[PDB]
S.K.: 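Before anything else, here's the structure in question.
Chain letters run A, B, ... following the sequence lines, proteins first, then strands; residues in each count from 1. Every number for a ligand or one of its atoms is a count from 1 in the order of the listing. These values consider heavy atoms only, across backbone and side chains, with no hydrogens, waters or symmetry-generated copies.
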Amino acid sequence: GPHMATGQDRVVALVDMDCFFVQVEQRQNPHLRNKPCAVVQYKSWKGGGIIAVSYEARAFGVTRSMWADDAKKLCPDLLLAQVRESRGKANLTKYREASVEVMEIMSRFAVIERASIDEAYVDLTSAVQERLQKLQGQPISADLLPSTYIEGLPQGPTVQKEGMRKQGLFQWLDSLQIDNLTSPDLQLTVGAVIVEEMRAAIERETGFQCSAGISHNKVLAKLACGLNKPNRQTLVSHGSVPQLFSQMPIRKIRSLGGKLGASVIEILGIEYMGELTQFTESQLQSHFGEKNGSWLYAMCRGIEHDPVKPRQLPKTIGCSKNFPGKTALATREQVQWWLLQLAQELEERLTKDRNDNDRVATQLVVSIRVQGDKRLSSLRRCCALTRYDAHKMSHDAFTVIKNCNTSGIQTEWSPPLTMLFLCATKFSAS
DNA sequence: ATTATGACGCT
DNA sequence: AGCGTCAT
Ligand SMILES: Nc1nc2c(ncn2[C@H]2C[C@H](O)[C@@H](COP(=O)(O)NP(=O)(O)OP(=O)(O)O)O2)c(=O)[nH]1
Ligand SMILES: [Mg+2]
Ligand SMILES: [Mg+2]
């Protein structure tokens, strides 16, 4: 009753750039704008692998992970942009720099947590309180929410999508109690006003469009963001959770799309997030552990406590390359040469990071995959990173991995390597 | 022959 | 420390 916490204490948004790498290439090359187009890495094998797809191309069935030649079967007029190649590998610098453009704009409004190259959580609680004091009990006009959907509305007592959006928004705004400065629904609404402003600033100052979710925690904000894409934002209220979760497959919630979510489905014999409410917290803990069980018990009621961490910059800087099938590295000279290529890219990125961000990495992690292993990493070894020098980093990476070589011969490498991965970690202020 | 990352949990 | 999970 009155002591049951409802998880309505914060206003959290999740901003995700629409088809990011595509938008970056479309800004640079206007010929690609408003066209079916995709971004690929490499070219020789089946036209390259697609990693980003414009919404026009998605309409033809083009997806991430698809080979470009196969996508062209679905969409013969598909336009392609390729990721830059440097030192024999994909170089994603253009997209990292575009990411910084967007994250620096978002940081003007609130503290953000960089979740990926194109997404960030925003903790809007304090900004909402400030705006509410400015409003002085003034109602919120639908004009302030021109791209907002209210999940679950309209309901009750109409043909086109924009008319649906506006009907639901008007139902929502009509029911708002703007008298109460601590009303969670009001707070979410003001949060959505601020996110309209943030998204407008991003588009004005970069050209990039994005979608967003606004709710009371990170998981609901992330889920909300996906409900109306592209170039729209969605508000998920605490009250909308029972209906939303009643038909929501468990795998759609962040962290449940893998083995744990499958085990929830299999062990409990359920399909939808809402069905989890019928288990006690101890029952869920008995199946999935203390932490997961408590998290599931609260999350299926719309409640989650994970904070938006104050972190705009990535925690690691890494370089990796796969060597599939017949291109696997089978000689010592080969392994050394590719370690050097990776190390030279890493040195470039690390030196720029030190100048930009007043920090230095202190640990180098070396990960490899060997032929036949189905895992992502076959072996992971760390050493000290004491100087931003590519020849030194590559020699040290070789030194920590050289004992994996089964070959009695000094020149040969067996079993050949299907992936090399260098990662700079454990940053310190400088 | 999906690739290139990045965050984080467990022991 | 080194390995596994989730994501995309
Ligand atoms: N190198 C690499 N980059 C990837 C991969 N997957 C995604 N990216 C890059 C390319 C993506 O542009 C970017 C952001 O990833 P999303 O938010 O998951 N997809 P997007 O923003 O394209 O579409 P949406 O409108 O549905 O959000 O990350 C990958 O496997 N490898
Ligand atoms: Mg995106
Ligand atoms: Mg994203």
S.K.: If you have a sec, work out which protein heavy atom is nearest atom 8 (N) of ligand 1 and how many Å separate them, to one decimal?
M.R.: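 In this structure, atom 8 (N) of ligand 1 has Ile51(A) O, 4.0 Å as its nearest protein heavy atom.
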S.K.: Vertex the Mg ion (ligand 2): angle to O of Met17(A) and OD1 of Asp16(A), to 10°?
M.R.: 80°
S.K.: Where is the nearest protein heavy atom to atom 27 (O) of ligand 1: which residue, which atom, and how far?
M.R.: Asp16(A) OD1, 2.8 Å
S.K.: Is it true that the side chains of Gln336(A) and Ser394(A) contain a donor and an acceptor less than 3.5 Å apart?
M.R.: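 Absent: no donor and acceptor within the cut-off.
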S.K.: Look at atom 22 (O) of ligand 1 and say whether a protein heavy atom is found at less than 4.0 angstrom from it.
M.R.: yes
S.K.: Under a plain distance cut-off of 3.5 Å, with no hydrogens placed, do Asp18(A) and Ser211(A) share a side-chain donor-acceptor pair?
M.R.: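 Result is yes, a qualifying pair exists.
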S.K.: Would a search of protein heavy atoms around atom 25 (O) of ligand 1 find one under 4.0 Å away?
M.R.: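 Yes, there is one.
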S.K.: Under 4.0 Å from a heavy atom of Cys19(A): which atoms of ligand 1 are those, numbered in the order shown and with their elements?
M.R.: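 Those of ligand 1 that fall under 4.0 Å from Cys19(A) are 20 (P), 21 (O), 22 (O), 23 (O), 24 (P), 25 (O).
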S.K.: Specify which N/O/S atom of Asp118(A) comes nearest to the Mg ion (ligand 2), by atom name.
M.R.: OD2
S.K.: Which residue and non-hydrogen atom of the protein lie closest to atom 12 (O) of ligand 1, and at what distance in Å?
M.R.: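 For atom 12 (O) of ligand 1, the nearest protein heavy atom is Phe21(A) N, 3.0 Å.
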S.K.: So which heavy atom in the protein is nearest atom 19 (N) of ligand 1, and how far is it from that ligand atom?
M.R.: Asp118(A) OD2, 4.7 Å
S.K.: Give me the residue, atom name and distance of the protein heavy atom closest to atom 1 (N) of ligand 1.
M.R.: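 Nearest neighbour among protein heavy atoms for atom 1 (N) of ligand 1, to 0.1 Å: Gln41(A) OE1, 3.5 Å.
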S.K.: Distance to 0.1 Å, residue and atom name: give those for the protein heavy atom nearest to atom 30 (O) of ligand 1.
M.R.: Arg64(A) NH2, 3.2 Å
